[PDB]
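>>> Everything below, folded, please.
(one chain, ligands or ions: 1)
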Amino acid sequence: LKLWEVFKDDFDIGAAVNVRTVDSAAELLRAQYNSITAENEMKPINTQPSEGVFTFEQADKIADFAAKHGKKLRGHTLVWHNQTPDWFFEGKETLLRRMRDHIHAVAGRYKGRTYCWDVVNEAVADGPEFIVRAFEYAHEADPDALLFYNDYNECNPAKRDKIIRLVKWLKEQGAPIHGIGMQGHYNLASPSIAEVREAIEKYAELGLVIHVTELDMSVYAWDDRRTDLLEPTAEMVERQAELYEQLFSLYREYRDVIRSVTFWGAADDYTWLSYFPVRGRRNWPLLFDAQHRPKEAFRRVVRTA
Ligand SMILES: O[C@@H]1[C@@H](O)[C@H](O)OC[C@H]1O
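Numbers count the residues shown, from 1 in each chain. Please see the structure below:
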């Protein structure tokens with residue numbers, strides 16, 4: 001049984017990949033996912049290290065994998081506060097010009113393969129006119145791609161309201177924004193199911209597509225920073241499987257607005273949570289274990305459909 005096929009009429013089932021996991025998880029990706037996202041290779045510093053110098057080799061590899069095996073391809077990401085090259089800042093108009101040049105080169109290179117784009121990533125703090133123009137330059141570079149705003153902690157009521165205020169203002173300035181990206185970086189302690197449902201309802205009221213873009217279920221609460229666990233406990237697996245079952249049952253309720261659910265990883269053998277916030281720690285946040293075998297969460301999730 002294959003995850004994507006189980007939910008094929010509900011939403012895409014995607015996985016984030018890098019230049020390593022696109023090879024090590026090749027068989028798992030070919031079978032269980034129908035959508036792929038480049039984890040880091042399409043980010044600004046990895047695509048244009050200096051002005052006028054573009055490095056597409058690593059992102060080309062991930063894009064070629066998707067095209068070869070008929071996988072959909074999410075674009076991530078065109079503009080991001082945390083990882084903007086230092087040369088970008090070395091006048092406000094020159095910044096606009098460099099943003100337009102970068103967007104056209106990256107969105108143009110993968111036009112016809114990237115069907116969507118996280119145009120602006122994490123603009124809300126845990127000026128605003130730059131976000132409108134980023135969407136304008138993106139729609140100019142690829143009029144066929146769906147343009148998303150992507151952010152985390154999207155179910156926290158404080159940050160959620162800021163996100164909604166930002167998107168409505170963007171819509172009121174004529175920005176060609178088509179969807180919102182719920183990053184879905186959750187854990188066992190937070191957020192609750194009701195907090196996710198309340199967020200999905202308020203995000204659907206804007207008339208945009210909803211993508212769950214980077215979903216994972218950390219076993220540690222953000223406070224927990226222990227490093228003495230090499231495998232998850234039975235209750236960790238059980239509570240993770242229960243939350244995943246309720247999450248995908250909730251996603252199916254909003255079938256009509258959610259069009260794709262992407263995990264930030266393919267299997268537990270590589271997850272970014274193993275290096276953030278605690279480096280050298282182990283985490284088990286996906287539906288397949290370190291051997292690309294289905295976990296208890298997989299069994300419970302497919303039974304929701
Ligand atoms: O690509 C970013 C990723 O590194 C992190 O895991 O969550 C936020 C994303 O934008």
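
>>> Quick check: buried residues in the strand or helix carrying residue 239?
Under the criterion of DSSP states H and E, residue 239 resides in helix 234-253. Using 16 or more other Cβ atoms under 10 Å as the test for burial, helix 234-253 gives 236-237, 239-241, 243-248, 250-251. C-beta here means a position set from N, CA and C on the backbone, and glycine is covered the same way.

>>> And the helices in the protein?
3-6, 21-24, 26-32, 44-47, 57-68, 92-109, 129-141, 157-172, 193-204, 234-253, 296-304 (DSSP state H).

>>> ok, for residue 65, nearest residue in space, not its chain neighbours?
Leaving aside its chain neighbours, residue 65 sits nearest to residue 22 (5.0 Å; criterion: Cβ to Cβ, 6 or more residues apart in numbering).

>>> Now for the residue in the stretch 201-305 of the chain positioned nearest to the ligand: which residues touch it?
The minimum distance from the stretch 201-305 of the chain to the ligand, using Cβ to the nearest ligand atom, falls at residue 272 (4.6 Å). For residue 272, the contacting residues are 39, 264-265, by Cβ atoms under 8 Å, 6 or more residues apart in numbering.

>>> Which of the residues you listed fall in strands?
Nothing among the contacts of residue 272 maps onto strands, per DSSP state E.

>>> Redo the residues you listed as JSON lines? Include neighbour count and distance to the ligand.
Listed next are these as JSON lines, based on neighbours: other Cβ atoms under 10 Å; distance: Cβ to the nearest ligand atom, whole Å:
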{"residue": "39", "neighbour count": "23", "distance to the ligand": "7"}
{"residue": "264", "neighbour count": "21", "distance to the ligand": "6"}
{"residue": "265", "neighbour count": "27", "distance to the ligand": "9"}
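
>>> Between these, which sits nearest residue 218?
Minimum distance to residue 218 across the contacts of residue 272 is 10.6 Å, recorded for residue 264 (Cβ to Cβ).

>>> Run a quick neighbour tally on the spatially closest residue to that closest one that is not a sequence neighbour.
Of all residues not flanking residue 264 in the chain, residue 214 sits nearest, at 3.8 Å (Cβ to Cβ, 6+ apart). Using other Cβ atoms under 10 Å, residue 214 has 24 neighbouring residues.

>>> Does residue 214 touch residue 153 like I think?
No. Counting by Cβ atoms under 8 Å, residue 214 stays clear of residue 153, with 11.9 Å between them.

>>> overlap in contacts of those two?
In contact with both residue 214 and residue 153: 183, 185, using Cβ under 8 Å, 6+ apart.

>>> wait, what's in contact with the residue of the stretch 101-250 of the chain found nearest the ligand?
In the stretch 101-250 of the chain, the residue that lies nearest the ligand is residue 121 (4.8 Å; Cβ to the nearest ligand atom). By Cβ under 8 Å, 6+ apart, residue 121 lies in contact with 76-81, 150-151.

>>> Buried subset of those, written for ChimeraX?
Buried residues among the contacts of residue 121 (16+ other Cβ under 10 Å), as a ChimeraX selection:
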select :76,77,78,79,80,150,151
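
>>> Strands - which of the contacts of residue 121 land there?
Under the assignment DSSP E, the contacts of residue 121 contribute 76-80, 150-151 to strands.

>>> between those residues, which is nearest residue 208?
Nearest to residue 208 among those: residue 150, at 12.3 Å, using Cβ to Cβ.

>>> Could you export the ones in strands among the contacts of residue 121 as a markdown table, including distance to the ligand?
Below are the ones in strands among the contacts of residue 121 laid out as a markdown table (distance: Cβ to the nearest ligand atom, whole Å):
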| residue | distance to the ligand |
| --- | --- |
| 76 | 6 |
| 77 | 6 |
| 78 | 11 |
| 79 | 11 |
| 80 | 6 |
| 150 | 6 |
| 151 | 8 |
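
>>> Check the residues you listed against residue 127 and report the nearest one.
Closest approach to residue 127 among the ones in strands among the contacts of residue 121 (Cβ to Cβ): residue 79, at 13.2 Å.

>>> which bits of the chain sit near the ligand?
With Cβ under 6 Å from any ligand atom as the criterion, the chain meets the ligand at residues 121-122, 152, 183, 214, 264, 272.

>>> And the contacts of residue 121, which is closest to residue 144?
residue 78 (15.3 Å).

>>> which residues touch that closest one?
The contact partners of residue 78, by Cβ under 8 Å, 6+ apart, come to 44, 102-103, 106-107, 117-121, 134, 138.

>>> related to what we said a few turns ago, the helix holding residue 239 vs helix 296-304, what angle?
Counting by axes from the mean of the first three to the mean of the last three Cα atoms, to 10 degrees, helix 234-253 lies at 30 degrees to helix 296-304.

>>> what comes into contact with helix 234-253?
Here helix 234-253 makes contact (Cβ under 8 Å, 6+ apart) with 7, 10-11, 186, 188, 193, 196-197, 200, 212, 215, 217, 219, 232, 258, 261, 284-285, 287, 295-297, 299-301, 303-305.
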